[PDB]
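Just the heavy atoms: all of them, side chains too, but no hydrogens, waters or symmetry mates, feed the values below. In the text below, chain A, chain B and the rest are named by the order of the sequence lines, each starting its count at 1. Just follow the structure's listing: the first ligand is 1, and inside any ligand the first atom is 1.
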Amino acid sequence: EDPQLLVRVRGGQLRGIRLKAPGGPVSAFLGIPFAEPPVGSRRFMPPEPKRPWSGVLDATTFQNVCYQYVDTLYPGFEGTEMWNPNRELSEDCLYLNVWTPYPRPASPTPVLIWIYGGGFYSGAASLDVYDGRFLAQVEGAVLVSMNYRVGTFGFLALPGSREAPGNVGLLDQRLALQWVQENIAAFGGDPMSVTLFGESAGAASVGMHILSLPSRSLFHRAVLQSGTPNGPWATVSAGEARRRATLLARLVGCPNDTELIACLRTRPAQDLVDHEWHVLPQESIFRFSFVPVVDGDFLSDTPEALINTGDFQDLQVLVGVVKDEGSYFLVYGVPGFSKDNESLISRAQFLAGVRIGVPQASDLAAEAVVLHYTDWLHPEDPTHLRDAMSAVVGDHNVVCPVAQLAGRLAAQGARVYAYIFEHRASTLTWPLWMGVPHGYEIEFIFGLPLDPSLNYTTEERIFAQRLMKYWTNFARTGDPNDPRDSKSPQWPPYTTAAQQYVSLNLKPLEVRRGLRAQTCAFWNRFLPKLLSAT
Amino acid sequence: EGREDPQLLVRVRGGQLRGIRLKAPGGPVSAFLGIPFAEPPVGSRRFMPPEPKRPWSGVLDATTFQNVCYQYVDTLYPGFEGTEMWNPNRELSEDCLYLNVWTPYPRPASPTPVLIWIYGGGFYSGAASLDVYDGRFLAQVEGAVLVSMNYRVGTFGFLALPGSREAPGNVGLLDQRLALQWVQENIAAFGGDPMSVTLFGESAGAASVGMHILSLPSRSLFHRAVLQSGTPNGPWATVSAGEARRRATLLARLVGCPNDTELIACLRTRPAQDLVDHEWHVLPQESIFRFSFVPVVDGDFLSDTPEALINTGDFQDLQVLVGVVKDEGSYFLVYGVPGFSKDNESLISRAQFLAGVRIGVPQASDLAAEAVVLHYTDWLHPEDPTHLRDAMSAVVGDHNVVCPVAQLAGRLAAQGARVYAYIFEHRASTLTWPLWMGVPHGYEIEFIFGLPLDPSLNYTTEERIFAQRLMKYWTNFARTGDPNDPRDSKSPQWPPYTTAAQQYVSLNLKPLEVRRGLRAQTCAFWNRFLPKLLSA
Ligand SMILES: *[C@@H]1O[C@H](COC2O[C@@H](C)[C@@H](O)[C@@H](O)[C@@H]2O)[C@@H](O)[C@H](O)[C@H]1NC(C)=O
Ligand SMILES: *[C@@H]1O[C@H](CO)[C@@H](O)[C@H](O)[C@H]1NC(C)=O
Ligand SMILES: *[C@@H]1O[C@H](CO)[C@@H](O)[C@H](O)[C@H]1NC(C)=O
């Protein structure tokens with residue numbers, strides 16, 4: 001037995017597996033339980049710490065994916081399948097994964113904790129794009145990723161109830177964070193240097209740990225990729241959570257909160273998922289049924305209120321967006337859009353897409369969006385209209401929420417670094433019109449281009465090495481700039497005054513100013529004033 | 001007769017006239033100045049439509065400009081050429097309905113296209129006798145017959161109690177119409193062609209031209225139109241019948257006049273200066289680019305709002321030239337926006353910007369005003385004093401001129417008209433206004449009229465050549481309905497403005513450059529978005 005692969009944690013002993021990375025071996029400890037299986041009476045309930053076990057636990061394999069909706073829009077297509085569960089679905093899914101250098105670090109190493117996205121309705125830490133072996137091997141990092149409950153199982157709330165209090169998926173993440181504090185030193189990780197990073201709902205999740213005080217003692221730095229806790233999709237009110245929970249229950253024949261939740265707990269998992277999408281208040285895209293709730297507990301106030309009034313003095317944050325945040329979502333609901341054609345649309349279809357794409361928008365607000373995003377020199381041009389549709393969805397849901405967060409954090413004392421990611425992977429299977437879609441920076445940050453069997457260009461490999469360095473420098477120091485390297489040029493902090501951010505592409509860093517400043521002023525300053533009066 | 005110049009004696013329908021031979025740089029021109037076209041609108045005729053001038057006996061002396069219509073005289077910067085150039089240069093009188101004709105010397109043997117100038121000044125000021133409106137250069141260099149008329153302004157031209165017989169409103173426009181009828185009957189005596197008449201005007205003059213396009217009785221009196229930095233549509237060129245009535249009766253109160261017959265009769269007893277002294281007191285809000293007595297939508301001269309009439313009109317056998325200067329708003333900022341002056345750089349604070357926007361968009365709600373502020377703010381430099389100053393200028397110019405012109409051009413083009421559009425971007429070397437104002441409202445006119453040709457005025461040689469270019473464009477358009485030269489085609493062409501391609505030309509010292517979209521995005525804000533906000 002290899003002593004590098006044998007670790008004692010508080011719960012007992014584990015056996016990991018030596019994996020081959022391109023440059024050398026790594027130690028992986030996969031499928032480690034951090035909670036009691038949240039099954040039977042424990043459904044919808046906060047997670048409990050895993051009971052200690054006897055002997056040596058086999059941690060050589062990824063554990064089950066949390067029970068979730070699986071996308072079926074394009075069967076057998078790698079662009080969609082790469083996000084689908086790659087292990088069996090189960091409610092028993094509260095396990096985490098650790099990658100370390102082989103041999104394990106001689107001195108305490110900065111820890112990166114990955115929180116996947118998927119709209120709080122999907123995702124898994126076992127996906128090939130979240131493979132931590134490259135960062136471990138090349139950068140010497142200790143990388144951790146956890147499964148958290150998604151959908152009804154993670155976020156169905158009857159606020160104020162003891163049995164479905166809400167945000168339990170977020171508590172799953174917090175428990176994995178606690179597990180790292182208590183146990184990561186055994187693997188050579190430094191619990192006094194923990195960086196959370198995540199994409200999409202994962203970045204929103206990272207954001208919620210920033211805004212929830214009990215999470216704050218469990219990490220030191222944060223990275224939010226293409227997602228925020230503020231914004232239109234990441235939270236609901238307690239009233240809207242209750243309403244959706246009560247409707248889902250009706251839809252499955254259930255049944256006083258106690259009685260309603262008891263009947264929901266009797267239902268086969270797939271029975272809940274069958275009706276998951278039927279509880280949304282309007283026809284929409286970029287809207288998810290069961291998400292974090294403003295409960296007055298995990299989240300003391302709305303994230304908007306919390307970012308406006310928080311003190312973020314001793315925090316460093318890396319945030320950013322991809323060049324084409326909205327394109328990917330268009331094919332999941334807006335008529336005229338499809339991966340299989342160029343998606344050239346009419347004005348009529350633009351107007352209709354805006355109502356679906358900004359579902360809470362009133363008639364007047366929807367007219368303001370159309371009038372702002374129309375190119376009045378080319379008002380009927382299908383290429384313009386299609387690209388504007390993408391812009392509306394990406395700006396409303398990601399870019400402007402991100403600018404808003406960056407600015408508040410910066411004003412309230414945080415050290416902030418911002419990027420836009422603009423390289424389209426040579427291997428991308430989505431069509432050209434989608435540009436650099438949501439999610440397609442991740443494979444570069446994780447260093448997948450360094451596996452020569454994946455057929456990335458040598459440029460893409462060098463670029464991936466640049467990104468791995470920015471991320472791990474940031475984890476190490478709270479500054480993504482290389483401290484032993486001179487020229488570059490340097491990545492400046494994002495500030496409310498200068499509003500500097502950098503482009504991440506195959507060219508050297510270029511510094512730009514103003515992250516869609518005019519358009520986000522429309523979204524962040526004008527539209528709120530509109531509908532709070534009308 | 002006997003000893004006088006035989007080219008200076010002409011008979012019109014009312015009698016015999018004697019003109020004057022004037023010197024232009026390239027040679028002599030004939031001028032017939034101060035020809036009366038109406039009975040003096042005095043006493044019981046105050047506020048009343050003009051009646052045609054009754055024939056006179058003997059030879060009327062038409063050798064000097066006549067009285068300027070009674071008006072408010074700008075007093076903000078006394079001694080200063082920049083303002084005095086617009087001020088009255090003849091005696092102020094209610095007896096002011098006279099017109100001017102310049103023609104070549106000797107008068108042309110075959111009938112020549114006629115240009116009729118209508119001055120601006122917010123419908124409260126102006127005269128055809130001002131030096132910037134001197135027709136001699138066009139007459140001499142282009143062989144043009146040029147006509148300009150005085151029309152009543154202020155209360156005298158536009159005070160209305162709509163529905164009344166004694167103060168029906170729009171009579172200043174009726175003065176202009178009567179001057180157009182005079183040209184039809186009489187211009188052939190000077191060698192002018194009454195079947196080729198082009199109206200042109202600036203500011204309120206341009207608005208007036210647009211209103212002659214929209215008023216059917218005017219349509220037989222002219223064939224083509226040029227609107228410079230003004231339009232009949234937009235926030236200032238007209239008022240509703242209710243607003244006219246409201247202002248007329250407030251004015252009456254302020255001058256001691258308490259049934260419309262009795263009110264108007266009391267107003268007719270008041271000294272002219274008493275009316276001028278309270279003219280500005282009747283505006284509903286603190287404002288710039290708003291004028292108390294302007295054309296009224298009376299359901300007669302204007303059968304509907306200009307907005308309605310341009311959206312539904314048939315303009316098929318109409319050619320129109322329209323444009324703007326680079327900095328329409330700047331001039332207006334010093335007549336009411338706190339923080340602004342010709343004698344400093346007018347760098348303003350954000351607070352002054354927000355305050356200025358309420359004054360510059362006086363009919364805007366709180367929400368609309370904040371939409372404006374949010375649109376014009378540069379969110380990279382929300383507090384830069386230079387950007388704020390320039391944004392204030394842009395707000396005022398776009399709202400009042402540039403976007404109404406874009407709206408006008410689009411409707412005209414979509415409904416059959418041949419439209420040619422420009423932006424004029426040359427700053428006169430002789431301009432006395434400060435540099436921050438850029439190319440202000442009013443400062444294309446001296447070039448169209450060819451003042452730079454007078455070497456005593458000290459324009460550069462390049463400006464002389466540029467004036468000659470503009471004069472060709474305007475007279476080519478007058479001749480043919482196309483500003484382009486028939487022969488010369490190596491030069492770059494001025495393509496028509498269309499809704500599809502939205503093309504217009506830069507007018508500056510360089511050859512014509514074609515550009516697309518007149519402030520397309522920002523005018524979508526003013527012309528499409530704001531009115532939808534106004535609906536609730
Ligand atoms: C510029 O002037 C504005 C208008 O007030 C005056 O004009 C200046 C030139 C002086 O002659 C003063 O005596 C006048 O009252 C001011 O309101 C504005 O603040 C000025 N800008 C600055 C900062 O100088
Ligand atoms: C693209 O394809 C989809 C479905 O195959 C269809 O709904 C859409 O109308 C198509 N659009 C174009 C550009 O023809
Ligand atoms: C034009 O220039 C001359 C010669 O220097 C000067 O004396 C005269 O005053 C100037 N005239 C004007 C109109 O400013």
*Test B:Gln468 against B:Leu453 for side-chain contact (heavy atoms from CB on, under 4.5 Å), laying out the working first.*
CA-CA 8 Å; B:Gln468 288 178 298; B:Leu453 278 51; 3.9 Å; yes
*Do A:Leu280 and A:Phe288 have side chains that get closer than 4.5 Å, going by heavy atoms?*
no
*Measure the shortest side-chain to side-chain distance between B:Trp117 and B:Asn100 over non-hydrogen atoms and say whether it is less than 4.5 angstrom.*
no
*Of all the heavy atoms in A:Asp340, does at least one lie under 4.0 Å from an atom in ligand 2?*
no
Which atom pairs, one a donor and one an acceptor, fall under 3.5 Å between side chains of residues 439-452 of chain B and the rest of the protein, sequence neighbours left out?
from, atom 1, to, atom 2, distance (Å)
B:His441, ND1, B:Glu328, OE1, 2.6
B:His441, NE2, B:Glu202, OE2, 3.3
B:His441, NE2, B:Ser203, OG, 2.8
B:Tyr443, OH, B:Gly82, O, 3.2
B:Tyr443, OH, B:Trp86, NE1, 3.1
B:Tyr443, OH, B:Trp433, NE1, 2.8
B:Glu444, OE2, B:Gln228, NE2, 2.9
B:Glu446, OE2, B:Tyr459, OH, 2.7

*Go through the steps for B:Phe466 and B:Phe424 under the test ring-ring contact (aromatic ring centres under 6.0 Å, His included), then give the verdict.*
CA-CA 11 Å; B:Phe466 176 52; B:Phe424 176 94; 5.7 Å; yes
Report every pair formed by an N or O atom of ligand 3 and a protein N or O atom separated by less than 3.5 Å, giving atom names and the distance to 0.1 Å.
from, atom 1, to, atom 2, distance (Å)
ligand 3, 2 (O), B:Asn458, OD1, 3.0
ligand 3, 2 (O), B:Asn458, ND2, 2.4
ligand 3, 11 (N), B:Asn458, ND2, 2.9

*Flag A:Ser343 as yes when one of its N or O atoms lies below 3.5 Å from any N or O atom of ligand 2, and as no otherwise.*
no
Counting only heavy atoms on the protein side, is anything nearer than 4.0 Å to [atom]?
{"atom": "atom 2 (O) of ligand 1", "result": "yes"}
{"atom": "atom 7 (O) of ligand 1", "result": "yes"}
{"atom": "atom 22 (C) of ligand 1", "result": "yes"}

*Run the numbers on A:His378 and B:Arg516 for side-chain contact (heavy atoms from CB on, under 4.5 Å), then give the verdict.*
CA-CA 11 Å; A:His378 309 106; B:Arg516 293 188 50 191; 3.8 Å; yes
*May I have all residue pairs that pass salt bridge (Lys or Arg N to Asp or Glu O under 4.0 Å) and include part of residues 391-401 of chain B, sequence neighbours excluded?*
B:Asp398-B:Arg519
*Who passes salt bridge (charged side-chain N to carboxylate O under 4.0 Å, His left out) against B:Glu279, sequence neighbours left out?*
none
_Shortest non-hydrogen contact from B:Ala369 toward B:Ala364_ = N-CB, 4.1 Å
*Of the protein's non-hydrogen atoms, which lies at the shortest distance from atom 4 (C) of ligand 1, and what is that distance?*
B:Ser341 CB, 3.9 Å
*Note the single closest protein heavy atom to atom 16 (C) of ligand 1, along with its residue, its atom name and the distance in Å.*
B:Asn344 ND2, 4.3 Å
_Need the ligand 1 atom indices (1-based, order shown) with element for anything under 4.0 Å from a heavy-atom of B:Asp343._
9 (C)
*asked:* Assess the residue pair B:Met392 and B:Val396 against the criterion (side-chain contact (heavy atoms from CB on, under 4.5 Å)); give the C-alpha distance rounded to whole Å, side-chain angles, the decisive distance to 0.1 Å, and a yes or no.
replied: CA-CA 6 Å; B:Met392 195 61 258; B:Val396 171; 3.7 Å; yes
*Enumerated ligand 2 atoms positioned under 4.0 Å from heavy atoms of A:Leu344*: 13 (C)
